[PDB]
Every structure is written in structure tokens, then in C-alpha cells.
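Undergrad: Please read through the structure below; I'll follow up with questions.
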Amino acid sequence: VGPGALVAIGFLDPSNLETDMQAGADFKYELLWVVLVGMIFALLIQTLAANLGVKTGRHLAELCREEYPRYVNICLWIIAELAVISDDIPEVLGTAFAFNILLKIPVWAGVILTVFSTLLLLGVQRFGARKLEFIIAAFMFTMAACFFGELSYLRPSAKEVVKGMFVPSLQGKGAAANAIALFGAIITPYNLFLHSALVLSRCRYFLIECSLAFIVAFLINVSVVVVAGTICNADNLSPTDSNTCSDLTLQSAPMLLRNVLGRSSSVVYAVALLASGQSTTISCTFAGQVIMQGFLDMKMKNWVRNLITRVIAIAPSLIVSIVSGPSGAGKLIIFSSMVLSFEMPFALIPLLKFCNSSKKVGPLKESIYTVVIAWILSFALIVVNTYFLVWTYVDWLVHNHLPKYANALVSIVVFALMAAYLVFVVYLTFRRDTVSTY
Amino acid sequence: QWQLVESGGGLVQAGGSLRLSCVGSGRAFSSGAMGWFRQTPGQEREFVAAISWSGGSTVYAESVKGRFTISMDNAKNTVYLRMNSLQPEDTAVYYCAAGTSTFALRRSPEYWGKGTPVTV
Ligand SMILES: CCCCCCCCCCCC(=O)OC[C@H](COP(=O)(O)OCC[N+](C)(C)C)OC(=O)CCCCCCCCCCC
């Protein structure tokens with residue numbers, strides 16, 4: 001008898017595994033706080049979304065379309081579609097890596113096989129409903145057992161872990177990139193559009209269960225970060241271990257669990273990865289359907305939407321795998337998480353605005369403290385994103401670009417795009433678009 | 001041009017206090033980590049120190065800790081290593097190195113340097 005949840009499954013995508021492995025292998029227990037803040041954020045926002053439904057009976061998508069003009073709503077839909085595609089790129093890459101580990105076929109073979117097997121997975125999901133729940137619970141239990149055993153064998157320094165987890169510090173540009181990647185992979189803005197739908201059907205105990213699921217997911221994520229950080233860094237390593245830790249794709253993870261599985265970790269880890277990727281795709285299909293059916297009301301079959309998303313995701317993932325090997329796929333997973341974090345504000349600002357706005361939410365209002373905390377966190381996230389973007393662009397421009405004829409054009413284009421992004425965020429933030437009500 | 005150029009060290013007697021400066025240009029190194037490595041006449045390269053852009057991240061080598069103070073000037077994009085209480089065991093060629101974080105530089109430095117000999 002286990003009252004499991006699907007939120008932790010969405011928090012254990014291959015994107016989360018890749019971002020956690022990178023954070024642990026590049027900054028030891030330095031970005032643990034991002035996992036603590038992100039989760040604390042990711043839960044809080046979700047709560048608001050759920051509460052919105054209970055107070056309105058309509059998804060965030062319907063309200064966003066109703067209270068905004070045609071062009072703003074179209075741009076929001078484009079942002080949501082980009083968010084779903086960026087989420088679905090890691091699933092394809094995760095499953096391709098699982099196939100590479102298991103059947104010893106190249107990564108592009110994995111991506112092609114995942115495109116072929118999306119239909120079979122959809123059919124299986126249609127056939128069984130509790131079997132999927134048991135599969136996700138068993139996968140979560142396997143990941144928890146494997147990583148907790150690995151952690152116990154490792155025995156890291158508790159003082160250093162606490163100092164890294166409760167003392168935020170983005171010590172370096174690379175740390176900023178990995179912190180943004182972790183925020184993207186944990187916050188996952190598109191899920192808001194999905195989560196509201198989960199309450200369209202019709203809570204201290206429900207909140208307690210959600211908090212338990214989130215605590216399990218956060219414990220697993222912290223365990224992955226700590227295990228990667230301790231094993232990759234340690235004090236003395238074999239040259240092979242250092243070379244594997246340098247890149248550390250999603251297919252070199254088996255090196256992590258070798259202590260607690262004994263050279264048999266390849267099969268178990270590949271199975272865990274494949275199950276996690278497939279389950280994340282299953283969950284995100286509903287989110288894509290809800291986005292499509294809310295932002296424009298254009299009804300689309302779930303299987304058709306899933307096929308379109310998987311093809312659009314395979315295009316770039318397959319191109320990257322062909323041009324670059326597993327390291328390229330890892331870079332693409334991190335980039336997809338970064339894009340998710342970057343475009344989270346567009347799907348988060350309307351939620352907070354509608355929660356505050358008494359007109360749309362009616363007499364019922366969310367707790368002022370939670371709304372203020374969410375607003376402050378969202379503003380901090382936007383500022384960190386903009387600072388990292390300006391940082392990387394400036395460093396590229398100052399000395400990394402040789403030509404000068406196109407330097408002015410590139411600078412103008414980048415400044416125009418950044419100004420448009422900031423102007424859109426400011427329009428959505430310090431401006432009221434309220435021409436409706438409950 | 002893009003390069004890293006260690007400068008200093010020379011030769012000292014003991015408690016050398018030698019203050020080695022690594023200057024990097026052409027790739028904007030002072031955003032991840034800018035650390036050092038050492039290699040004795042016959043041996044493999046070893047970690048000596050590192051520092052991140054934030055300023056407090058210095059991770060040292062258990063062989064030498066509390067004697068080397070590493071500071072980073074971001075604006076000039078330079079990494080300074082102060083060696084105090086020097087000893088014969090530290091005789092070696094020192095290589096500046098730059099990475100993507102103060103721990104990745106611990107293992108695989110993206111960019112290396114020619115290095116300078118420090119003899120006691
Ligand atoms: C929304 C406004 C966006 C407008 C675009 C402005 C940013 C342009 C940055 C130039 C990148 C560059 O020049 O490359 C610099 C870095 C280098 O990284 P590296 O790992 O060291 O690879 C190079 C390895 N070397 C060193 C050996 C050569 O690239 C990156 O780290 C990835 C940048 C991700 C930025 C997020 C992109 C998503 C933007 C869209 C969000 C909606």
C-alpha cells in the first residue's frame with residue numbers, strides 16, 4: 001500500500017538527472033541550495049496553480065487567453081509550445097541514451113527507436129492505468145535504494161554538505177549556468193498549464209501527500225547531487241575516472257552506482273532511465289493537450305499532439321547526436337533545461353497576477369504571504385537569467401569574436417531580442433490586463 | 001592574442017613568499033576558475049590551488065594547505081598565488097590553468113599554460 005504521486009516522476013526526468021550530475025561534478029555540494037530553493041519554489045507555484053483551479057474551475061490557459069488580447073495570447077501559446085518542446089527534448093535524449101547503454105547501438109539509433117516506440121508507449125498507457133502507477137513507484141524505489149546505498153557507501157562530509165546547501169553562492173559563470181539549468185529542470189513552467197487541469201475535474205491531507213511526494217523527490221535529487229559530487233571529486237581518482245567525470249553524459253552515470261551495484265549497474269541504471277523518460281513523456285502529453293485546448297481551443301488528439309512533439313524534439317536531438325556524440329546530447333539536455341528556466345516567467349507571471357486579481361479569482365484570494373514570496377522568487381529568477389545572459393554575451397563579444405563587420409549587427413540583434421524579452425516581462429508584470437471576471 | 005602567461009617564481013631559499021602572477025587574455029578566463037598546477041622534474045602534474053570568479057572558493061591540495069594564498073583580480077583577469085614557508089619539496093615547474101569551475105579545473109583544465117620553474 002503506497003500512496004505515490006506523479007509529481008516526483010516529473011521531477012526525476014533525464015533532464016533532472018543530467019543537471020544534477022553536472023552540478024555535482026562541477027561544484028561538489030555548491031548548488032544544492034538551488035535544489036532546495038527550486039523545489040521549495042516548484043512546490044509553492046504548483047500549489048497556487050492547483051488553488052487557482054479550485055477557485056476558478058478553469059485552467060491557467062483559459063484565463064490567460066480570456067484576459068489578454070489576440071497577439072499576447074498567441075505569443076503565450078508560442079512560449080508554451082517552446083516550453084513543451086524543450087521539456088520533451090530530454091525525454092528523447094534520455095531514452096536514446098538508455099537504448100545505447102542496453103542494446104549497444106549509437107545514440108541516433110536510440111532517438112529513432114524512441115520515435116518508433118512512442119506509439120507503443122501511448123497504447124500501453126491507454127491499456128493500463130494502475131500498471132503505470134506501479135511502474136513509476138517501482139522506478140522511484142529503485143532510484144532511491146540505489147542512490148541511498150551509494151551515498152551510504154560514500155560517506156561524504158556532512159558539514160560541507162550543509163555549508164553548501166544553506167549558503168547560496170554562484171561562484172562562477174559556469175555555476176550560474178548550472179543553477180539556471182537546475183531551476184529550469186525543477187520549476188518546469190509548462191507543468192502549470194497541466195497542473196491546473198488536474199483540478200478541473202472537481203485539502204490538508206492532499207497538501208500533506210503532495211509535500212511527502214515532494215520531500216521524496218527532493219531527497220532523491222539531493223542524493224544524486226551529493227553522490228555525483230563526492231565520487232567525481234573525492235580526493236584521488238584513476239585517470240579513467242577523471243576522464244569520465246570531465247564530460248559525464250547520461251550514459252556514464254553507471255560509474256556512479258558501481259559501488260552499490262558491483263559492475264551490474266549498467267542494466268539497472270538503463271532500465272531506470274528508460275522508465276523515467278517514458279513516464280515523463282506520458283505525463284507531458286496531458287500538459288501539451290491542455291495547452292493546445294486552452295490557448296486556442298483547437299482540439300487535438302493526445303496521440304497526434306504527442307507524435308508532433310516527439311518529431312519536433314527528435315529533429316534537434318537527432319541532429320545533435322549525429323553531429324556530436326553523447327557529450328553533445330548532454331549539452332543539449334542542459335540547454336533545454338536552460339530554455340525552460342528562461343521562458344518560465346511568461347507562464348508564471350499570469351498565474352500570480354490572476355491569483356492576486358480579485359476580478360478573475362473572485363472574492364476568494366490566496367494568502368498574501370505566498371503570493372509575495374512567489375513574486376520575489378520570480379523576480380529573482382528573471383534577474384538571474386538576465387544577468388547570466390548579459391554575462392555570457394559580453395564575455396563572448398569582448399574577446400571571443402574575431403570579426404568586426406558583423407559585430408555591430410550581432411550586438412544590435414541581441415540587444416533588440418533582450419529588450420523585447422524584458423519589455424514583454426515588464427508588460428506582464430507592471431501592467432493590469434483585466435477585462436473579465438469569475 | 002589568446003594565451004595564459006605565468007610570470008614570477010624564479011628561485012628562492014625558504015619561506016620563499018614568491019608571488020606568481022598568471023595573466024590570461026583573449027578568452028575571458030576570469031569567469032570560471034583560474035588555478036595552478038605543479039610538476040616536479042620527474043612526476044605527474046598535481047593540483048596546487050584554484051579560485052572561482054566569486055572570489056571565495058579556493059580549494060587547495062592536501063599536500064600544501066595554509067601556505068599558499070590564491071587571489072583573483074577579475075577586472076585585469078589575473079590569478080596571483082602567494083607561496084610562504086617554502087620548502088625543498090615544492091621545487092617544480094608551475095603551470096597556470098583556467099577552467100569552467102573551481103572543481104572542474106581540479107580535474108581537466110580547459111586551457112593550460114607554459115609554466116615557470118620554481119627552485120628552492
Ligand atoms: C532571450 C534573449 C536571448 C538572446 C541571445 C543572447 C545570448 C547569446 C549568448 C551567446 C552564446 C555564446 O556566444 O557562446 C558562449 C557560451 C560558451 O559555452 P561553452 O560550454 O564554453 O562552449 C564553448 C566551448 N569553448 C569555450 C571551448 C569554445 O555558450 C554557452 O554557454 C550557452 C549559452 C546559452 C544561453 C541561453 C540561450 C537561450 C536564449 C533564449 C531564451 C528564450
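Letters A, B, ... mark the chains of the C-alpha cells in the order given; residue numbers begin at 1 per chain; ligand numbers begin at 1, in order shown.
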Which chain B residues have any atom within 8 Å of an atom of ligand 1, and for each, what is the nearest pair of atoms with distance in Å to one decimal, counting only C-alpha atoms and all ligand atoms, rows sorted by chain and number, as a tab-separated table?
TA:
```
residue	atom	partner	partner_atom_place_in_ligand_line	distance
B:27	CA	ligand 1	26 (C)	8.0
B:100	CA	ligand 1	21 (O)	7.4
B:110	CA	ligand 1	27 (C)	7.5
```
Undergrad: Using DSSP assignments from the backbone, pull out every residue in chain B that falls under strand (DSSP E or B) and give it to me as an NGL selection string.
TA: :B and (3-7 or 11 or 19-25 or 33-39 or 46-49 or 52 or 61 or 64 or 68-73 or 78-83 or 92-99 or 111 or 116-119)
Undergrad: Would you output that residue set with C-alpha atoms, as a PDB file, in the first residue's frame?
TA:
```pdb
ATOM      1  CA  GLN B   3      47.036  32.924 -24.081  1.00  0.00           C
ATOM      2  CA  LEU B   4      47.916  32.446 -20.418  1.00  0.00           C
ATOM      3  CA  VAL B   5      51.333  33.602 -19.259  1.00  0.00           C
ATOM      4  CA  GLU B   6      52.718  32.647 -15.856  1.00  0.00           C
ATOM      5  CA  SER B   7      55.266  35.188 -14.599  1.00  0.00           C
ATOM      6  CA  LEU B  11      64.293  30.813  -7.376  1.00  0.00           C
ATOM      7  CA  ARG B  19      54.096  35.812  -5.580  1.00  0.00           C
ATOM      8  CA  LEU B  20      53.392  34.233  -9.003  1.00  0.00           C
ATOM      9  CA  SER B  21      51.115  36.084 -11.415  1.00  0.00           C
ATOM     10  CA  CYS B  22      49.203  34.430 -14.243  1.00  0.00           C
ATOM     11  CA  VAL B  23      47.784  36.829 -16.837  1.00  0.00           C
ATOM     12  CA  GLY B  24      45.231  35.493 -19.288  1.00  0.00           C
ATOM     13  CA  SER B  25      43.945  37.300 -22.359  1.00  0.00           C
ATOM     14  CA  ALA B  33      38.154  29.239 -12.171  1.00  0.00           C
ATOM     15  CA  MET B  34      41.806  30.202 -12.575  1.00  0.00           C
ATOM     16  CA  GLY B  35      44.076  27.846 -10.674  1.00  0.00           C
ATOM     17  CA  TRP B  36      47.563  26.358 -10.698  1.00  0.00           C
ATOM     18  CA  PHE B  37      49.280  23.003 -11.041  1.00  0.00           C
ATOM     19  CA  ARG B  38      52.781  21.779 -10.247  1.00  0.00           C
ATOM     20  CA  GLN B  39      55.089  19.129 -11.685  1.00  0.00           C
ATOM     21  CA  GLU B  46      49.340  17.772  -9.459  1.00  0.00           C
ATOM     22  CA  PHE B  47      46.850  20.250  -8.060  1.00  0.00           C
ATOM     23  CA  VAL B  48      48.221  23.330  -6.279  1.00  0.00           C
ATOM     24  CA  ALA B  49      45.294  25.731  -5.861  1.00  0.00           C
ATOM     25  CA  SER B  52      36.441  30.939  -8.683  1.00  0.00           C
ATOM     26  CA  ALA B  61      45.891  20.379  -2.361  1.00  0.00           C
ATOM     27  CA  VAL B  64      50.128  22.111   0.665  1.00  0.00           C
ATOM     28  CA  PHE B  68      49.554  29.191  -0.478  1.00  0.00           C
ATOM     29  CA  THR B  69      47.131  32.122  -0.687  1.00  0.00           C
ATOM     30  CA  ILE B  70      45.402  32.461  -4.060  1.00  0.00           C
ATOM     31  CA  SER B  71      43.701  35.699  -5.119  1.00  0.00           C
ATOM     32  CA  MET B  72      41.979  36.652  -8.364  1.00  0.00           C
ATOM     33  CA  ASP B  73      41.625  40.075  -9.969  1.00  0.00           C
ATOM     34  CA  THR B  78      44.683  37.627 -13.426  1.00  0.00           C
ATOM     35  CA  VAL B  79      45.377  34.937 -10.820  1.00  0.00           C
ATOM     36  CA  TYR B  80      48.009  35.550  -8.130  1.00  0.00           C
ATOM     37  CA  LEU B  81      49.443  32.763  -5.958  1.00  0.00           C
ATOM     38  CA  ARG B  82      51.454  33.687  -2.853  1.00  0.00           C
ATOM     39  CA  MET B  83      53.739  30.942  -1.538  1.00  0.00           C
ATOM     40  CA  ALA B  92      58.856  22.166  -9.533  1.00  0.00           C
ATOM     41  CA  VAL B  93      57.505  23.709 -12.728  1.00  0.00           C
ATOM     42  CA  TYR B  94      54.234  25.566 -12.128  1.00  0.00           C
ATOM     43  CA  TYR B  95      51.533  25.760 -14.797  1.00  0.00           C
ATOM     44  CA  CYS B  96      48.685  28.243 -14.749  1.00  0.00           C
ATOM     45  CA  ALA B  97      45.369  26.779 -15.823  1.00  0.00           C
ATOM     46  CA  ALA B  98      41.834  28.001 -16.388  1.00  0.00           C
ATOM     47  CA  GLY B  99      38.614  26.048 -16.367  1.00  0.00           C
ATOM     48  CA  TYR B 111      43.247  25.938 -21.050  1.00  0.00           C
ATOM     49  CA  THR B 116      57.684  28.637 -14.910  1.00  0.00           C
ATOM     50  CA  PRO B 117      60.341  26.863 -12.822  1.00  0.00           C
ATOM     51  CA  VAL B 118      60.351  27.476  -9.065  1.00  0.00           C
ATOM     52  CA  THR B 119      63.529  26.223  -7.393  1.00  0.00           C
TER      53      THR B 119
END
```
Undergrad: Find the residues near residue 279 (chain A): any atom within 10 Å, counting only C-alpha atoms, skip ones fewer than 2 places away on the same chain, and give them as a PyMOL selection string.
TA: chain A and resi 6+9-10+12-13+91+121+125+132-133+135-136+139+273-277+281-285
Undergrad: Using only N, CA and C atoms, please write the residues we just selected to a file, as a PDB file, in the first residue's frame.
TA:
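Printed below is part-v4.pdb as written:
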```
ATOM      1  N   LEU A   6       2.677  11.382  -9.010  1.00  0.00           N
ATOM      2  CA  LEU A   6       3.319  11.555 -10.303  1.00  0.00           C
ATOM      3  C   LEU A   6       4.192  12.802 -10.378  1.00  0.00           C
ATOM      4  N   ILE A   9       7.802  11.849 -10.327  1.00  0.00           N
ATOM      5  CA  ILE A   9       8.205  11.318 -11.625  1.00  0.00           C
ATOM      6  C   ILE A   9       8.588  12.454 -12.562  1.00  0.00           C
ATOM      7  N   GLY A  10       7.775  13.510 -12.600  1.00  0.00           N
ATOM      8  CA  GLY A  10       8.126  14.678 -13.384  1.00  0.00           C
ATOM      9  C   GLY A  10       9.343  15.410 -12.868  1.00  0.00           C
ATOM     10  N   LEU A  12      11.950  13.651 -11.755  1.00  0.00           N
ATOM     11  CA  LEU A  12      13.044  12.710 -11.967  1.00  0.00           C
ATOM     12  C   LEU A  12      13.236  12.385 -13.448  1.00  0.00           C
ATOM     13  N   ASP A  13      13.045  13.377 -14.316  1.00  0.00           N
ATOM     14  CA  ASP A  13      13.301  13.199 -15.734  1.00  0.00           C
ATOM     15  C   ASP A  13      14.791  13.022 -15.987  1.00  0.00           C
ATOM     16  N   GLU A  91      13.504  13.941 -22.750  1.00  0.00           N
ATOM     17  CA  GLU A  91      12.932  12.597 -22.756  1.00  0.00           C
ATOM     18  C   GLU A  91      13.464  11.785 -23.927  1.00  0.00           C
ATOM     19  N   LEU A 121       4.268   3.042 -26.470  1.00  0.00           N
ATOM     20  CA  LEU A 121       4.109   3.514 -25.100  1.00  0.00           C
ATOM     21  C   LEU A 121       2.742   4.151 -24.891  1.00  0.00           C
ATOM     22  N   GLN A 125      -0.059   2.909 -22.260  1.00  0.00           N
ATOM     23  CA  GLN A 125      -0.661   3.829 -21.301  1.00  0.00           C
ATOM     24  C   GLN A 125      -2.179   3.793 -21.388  1.00  0.00           C
ATOM     25  N   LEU A 132       0.934   1.601 -14.823  1.00  0.00           N
ATOM     26  CA  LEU A 132       1.846   2.735 -14.930  1.00  0.00           C
ATOM     27  C   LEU A 132       2.186   3.304 -13.559  1.00  0.00           C
ATOM     28  N   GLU A 133       1.189   3.412 -12.679  1.00  0.00           N
ATOM     29  CA  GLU A 133       1.446   3.926 -11.338  1.00  0.00           C
ATOM     30  C   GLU A 133       2.420   3.029 -10.585  1.00  0.00           C
ATOM     31  N   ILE A 135       4.604   1.053 -11.953  1.00  0.00           N
ATOM     32  CA  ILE A 135       5.902   1.148 -12.616  1.00  0.00           C
ATOM     33  C   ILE A 135       6.654   2.378 -12.134  1.00  0.00           C
ATOM     34  N   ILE A 136       5.967   3.518 -12.042  1.00  0.00           N
ATOM     35  CA  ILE A 136       6.625   4.734 -11.572  1.00  0.00           C
ATOM     36  C   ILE A 136       7.049   4.583 -10.116  1.00  0.00           C
ATOM     37  N   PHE A 139      10.135   2.340 -10.068  1.00  0.00           N
ATOM     38  CA  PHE A 139      11.298   3.077 -10.545  1.00  0.00           C
ATOM     39  C   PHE A 139      11.805   4.048  -9.490  1.00  0.00           C
ATOM     40  N   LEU A 273      16.518   4.699 -16.263  1.00  0.00           N
ATOM     41  CA  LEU A 273      16.466   5.846 -17.162  1.00  0.00           C
ATOM     42  C   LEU A 273      15.331   5.712 -18.166  1.00  0.00           C
ATOM     43  N   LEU A 274      15.187   4.531 -18.768  1.00  0.00           N
ATOM     44  CA  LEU A 274      14.144   4.337 -19.766  1.00  0.00           C
ATOM     45  C   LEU A 274      12.761   4.515 -19.155  1.00  0.00           C
ATOM     46  N   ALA A 275      12.533   3.928 -17.979  1.00  0.00           N
ATOM     47  CA  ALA A 275      11.235   4.076 -17.334  1.00  0.00           C
ATOM     48  C   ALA A 275      10.951   5.534 -17.007  1.00  0.00           C
ATOM     49  N   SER A 276      11.950   6.252 -16.485  1.00  0.00           N
ATOM     50  CA  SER A 276      11.736   7.652 -16.137  1.00  0.00           C
ATOM     51  C   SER A 276      11.407   8.486 -17.369  1.00  0.00           C
ATOM     52  N   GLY A 277      12.153   8.294 -18.456  1.00  0.00           N
ATOM     53  CA  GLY A 277      11.882   9.064 -19.659  1.00  0.00           C
ATOM     54  C   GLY A 277      10.497   8.796 -20.216  1.00  0.00           C
ATOM     55  N   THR A 281       7.318  11.465 -20.551  1.00  0.00           N
ATOM     56  CA  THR A 281       6.582  11.722 -21.787  1.00  0.00           C
ATOM     57  C   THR A 281       5.087  11.510 -21.589  1.00  0.00           C
ATOM     58  N   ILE A 282       4.714  10.443 -20.883  1.00  0.00           N
ATOM     59  CA  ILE A 282       3.297  10.185 -20.638  1.00  0.00           C
ATOM     60  C   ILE A 282       2.663  11.349 -19.889  1.00  0.00           C
ATOM     61  N   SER A 283       3.340  11.850 -18.854  1.00  0.00           N
ATOM     62  CA  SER A 283       2.792  12.975 -18.100  1.00  0.00           C
ATOM     63  C   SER A 283       2.694  14.232 -18.959  1.00  0.00           C
ATOM     64  N   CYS A 284       3.730  14.518 -19.752  1.00  0.00           N
ATOM     65  CA  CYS A 284       3.769  15.756 -20.525  1.00  0.00           C
ATOM     66  C   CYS A 284       2.806  15.742 -21.705  1.00  0.00           C
ATOM     67  N   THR A 285       2.353  14.564 -22.139  1.00  0.00           N
ATOM     68  CA  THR A 285       1.334  14.528 -23.183  1.00  0.00           C
ATOM     69  C   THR A 285       0.070  15.259 -22.744  1.00  0.00           C
TER      70      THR A 285
END
```
Undergrad: May I ask you to extract the residues of chain A within 6 Å of chain B, using only C-alpha atoms, and to give them as a ChimeraX atom specification?
TA: /A:26-27,171-174,399-400
Undergrad: Calculate how many Å separate CA of residue 184 (chain A) from CA of residue 339 (chain A), rounding to one decimal.
TA: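 Distance between the two atoms: 7.2 Å.
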Undergrad: Please provide as a ChimeraX atom specification all residues within 9 Å of residue 16 (chain B), with the sequence filter that same-chain residues fewer than 6 positions apart are discarded (counting only C-alpha atoms).
TA: /B:9,83-87,120
Undergrad: Restricting it to N, CA, C and O atoms, dump the selection as an mmCIF file, in the first residue's frame.
TA:
```cif
data_model
loop_
_atom_site.group_PDB
_atom_site.id
_atom_site.type_symbol
_atom_site.label_atom_id
_atom_site.label_comp_id
_atom_site.auth_asym_id
_atom_site.auth_seq_id
_atom_site.Cartn_x
_atom_site.Cartn_y
_atom_site.Cartn_z
ATOM 1 N N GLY B 9 58.184 33.623 -9.712
ATOM 2 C CA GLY B 9 58.767 32.414 -9.167
ATOM 3 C C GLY B 9 60.279 32.427 -9.103
ATOM 4 O O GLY B 9 60.859 32.494 -8.015
ATOM 5 N N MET B 83 53.145 32.069 -2.235
ATOM 6 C CA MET B 83 53.739 30.942 -1.538
ATOM 7 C C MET B 83 54.574 31.465 -0.382
ATOM 8 O O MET B 83 55.483 32.283 -0.582
ATOM 9 N N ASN B 84 54.270 30.984 0.818
ATOM 10 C CA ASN B 84 55.003 31.331 2.023
ATOM 11 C C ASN B 84 55.402 30.051 2.738
ATOM 12 O O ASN B 84 54.746 29.015 2.601
ATOM 13 N N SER B 85 56.491 30.129 3.497
ATOM 14 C CA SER B 85 57.030 28.963 4.188
ATOM 15 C C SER B 85 57.408 27.872 3.186
ATOM 16 O O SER B 85 57.041 26.705 3.332
ATOM 17 N N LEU B 86 58.160 28.267 2.162
ATOM 18 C CA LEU B 86 58.531 27.355 1.093
ATOM 19 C C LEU B 86 59.450 26.257 1.624
ATOM 20 O O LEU B 86 60.074 26.384 2.679
ATOM 21 N N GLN B 87 59.530 25.164 0.872
ATOM 22 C CA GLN B 87 60.318 24.007 1.271
ATOM 23 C C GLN B 87 60.890 23.332 0.036
ATOM 24 O O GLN B 87 60.345 23.483 -1.064
ATOM 25 N N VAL B 120 64.115 25.960 -5.062
ATOM 26 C CA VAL B 120 64.481 26.405 -3.726
ATOM 27 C C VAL B 120 65.919 26.009 -3.414
ATOM 28 O O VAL B 120 66.268 25.751 -2.261
#
```
Undergrad: Which polymer residues have any atom within 12 Å of an atom of residue 188 (chain A), counting only C-alpha atoms, with same-chain residues fewer than 4 positions away left out, as JSON, numbers by chain?
TA: {"A": [7, 10, 11, 12, 13, 15, 16, 38, 39, 41, 42, 43, 45, 46, 80, 83, 84, 85, 86, 87, 88, 180, 181, 182, 183, 184, 192, 193, 194, 195, 280, 284, 287, 336, 337, 338, 339, 340, 341, 342, 343, 344, 345, 347, 348]}
Undergrad: My list of candidates is A:350, A:110, A:156, A:90. Which is closest to residue 428 (chain A) when distances are computed with only C-alpha atoms?
TA: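 The shortest atom-to-atom distance to residue 428 (chain A) comes from A:350.
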Undergrad: Mind listing the helix (DSSP H, G or I) residues of region 180-379 of chain A, per DSSP on the backbone, as a VMD selection string?
TA: chain A and resid 180 to 187 190 to 199 204 to 233 239 to 247 254 to 261 265 to 295 302 to 323 326 to 356 358 to 361 368 to 379
Undergrad: Of the candidates A:355, A:398, A:175, A:333, which shows the shortest atom-to-atom distance to residue 384 (chain A), using only C-alpha atoms?
TA: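 Answer, going by the shortest atom-to-atom distance: A:175.
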Undergrad: Extract, using only C-alpha atoms, all DNA, RNA and protein residues at most 9 Å from residue 321 (chain A), discarding same-chain residues fewer than 5 positions from it, and format them as a list in words.
TA: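 My list of contacting residues is residues 93, 106, 107, 108, 111, 316, 326, 327, 328 and 329 of chain A.
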Undergrad: May I ask which of the residues A:253, A:390, A:424, A:314 is the closest one to residue 17 (chain A), counting only C-alpha atoms?
TA: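 Using only C-alpha atoms, residue 17 (chain A) sits closest to A:253.
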Undergrad: What separation in Å, quoted to one decimal, exists between CA of residue 438 (chain A) and CA of residue 360 (chain A)?
TA: 5.0 Å
